[PDB]
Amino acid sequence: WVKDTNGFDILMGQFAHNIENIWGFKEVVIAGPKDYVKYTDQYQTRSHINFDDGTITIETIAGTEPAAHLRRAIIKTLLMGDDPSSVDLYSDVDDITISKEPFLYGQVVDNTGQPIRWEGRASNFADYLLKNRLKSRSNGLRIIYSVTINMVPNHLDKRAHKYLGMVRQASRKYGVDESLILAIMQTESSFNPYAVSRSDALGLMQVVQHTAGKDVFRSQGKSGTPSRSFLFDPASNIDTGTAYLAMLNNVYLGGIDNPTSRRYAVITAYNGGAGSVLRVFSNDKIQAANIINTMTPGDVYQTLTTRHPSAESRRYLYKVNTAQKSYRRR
């Protein structure tokens, strides 16, 4: 709903085209919801954090002094403070800033098994990787040099720890279970505060500003739509996303009486839309709820997990439900 979207659409096209020219079409890698990718060095160097499987891969296709290119990115990535509102993952500008509290602190250790919070240890660790873990690849035409760093095994729990207070607040406020909130959050970004989709979802809970964002503001009697900075603010984001979860539950899918059937529906609707979920059972929103209110919740899970028209949405329900079963028990 803007020229913000369109100016941003073009920047996207422009950004991707700059990468394509240097890495070749098959090597175009871009930041995602569960993936931080930051280009530096005029697109010759990229720093990739895969939050889903816990790897930090630093790459360069620079032909001169590649080891030097890699060292610079390794240290900054390990030391970067998170203020995702200030980071542009769609430019090659170095807006990377070193703070007293690196975002990755406790998620990775150096080769001596210690967490990294100072520039000295990060440097010693970079030199070690460069001497013992330097890999080289061919894209068919030119050499890419890299360093892979594995995060601690429990990196996901360590990263979610940063947002449990915000989840507890939003949970008590909106009447939505903590386990559902975390399960949505995990499935959407693996607790990545730099999360960006190409469906315009922003932040930890992947809030689409123009649909869900706008809707939530209205529900609370607020005007306008949430800014880009607002949704990259973790507390703002988790509050907004949880509000949309409660909205799906009270108004859009409220005709569902069994609370466990409603959840399956709410979860699916979070990704694919409330409209589509009802339309699986009947074109009449009222009849659709009436059919659901006569079937067991396990049929409802089974119905949505197979007979929903988006392949993405069918997977989404299975993923969130799985995630929730490990957050629900305390």
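Residue numbers run from 1 along the displayed sequence.
Enquirer: So 46-54 or 23-31, which one's hotter by mean CA B-factor in the entry?
Expert: Stretch with the higher mean C-alpha B-factor: 23-31.
Enquirer: Could you check the entry and say whether 266-274 or 61-69 has the higher mean CA B-factor?
Expert: For C-alpha atoms only, the mean B-factor is higher in 61-69.
Enquirer: If you check the C-alpha B-factor for each of 100, 155, 162, 173 in the entry, which is highest?
Expert: Among 100, 155, 162, 173, the highest C-alpha B-factor in the entry belongs to 100.
Enquirer: Between 138, 237, 258, 187, let me know which has the highest C-alpha B-factor in the entry?
Expert: Highest C-alpha B-factor among the listed options: 138.
Enquirer: Pull the Cα B-factor of residue 324 out of the PDB entry and bin it into the chain's lowest, middle or highest third.
Expert: Lowest third of the chain for residue 324's C-alpha B-factor.
Enquirer: Quick one: classify residue 227 as lowest, middle or highest third of the chain based on its Cα B-factor.
Expert: Middle third.
Enquirer: State the tercile, meaning the lowest, middle or highest third, of residue 118 with respect to the CA B-factors recorded for its chain.
Expert: According to the entry, residue 118 has a C-alpha B-factor in the chain's highest third.
Enquirer: By the record's CA B-factor, is residue 253 among the lowest, middle or highest third of residues in the chain?
Expert: As the PDB entry reports it, the C-alpha B-factor of residue 253 lands in the highest third of its chain.
Enquirer: Is residue 216 in the lowest, middle or highest third of its chain when residues are ranked by C-alpha B-factor?
Expert: For residue 216, whose C-alpha B-factor we compare with every modelled residue in the chain, the answer is the lowest third.
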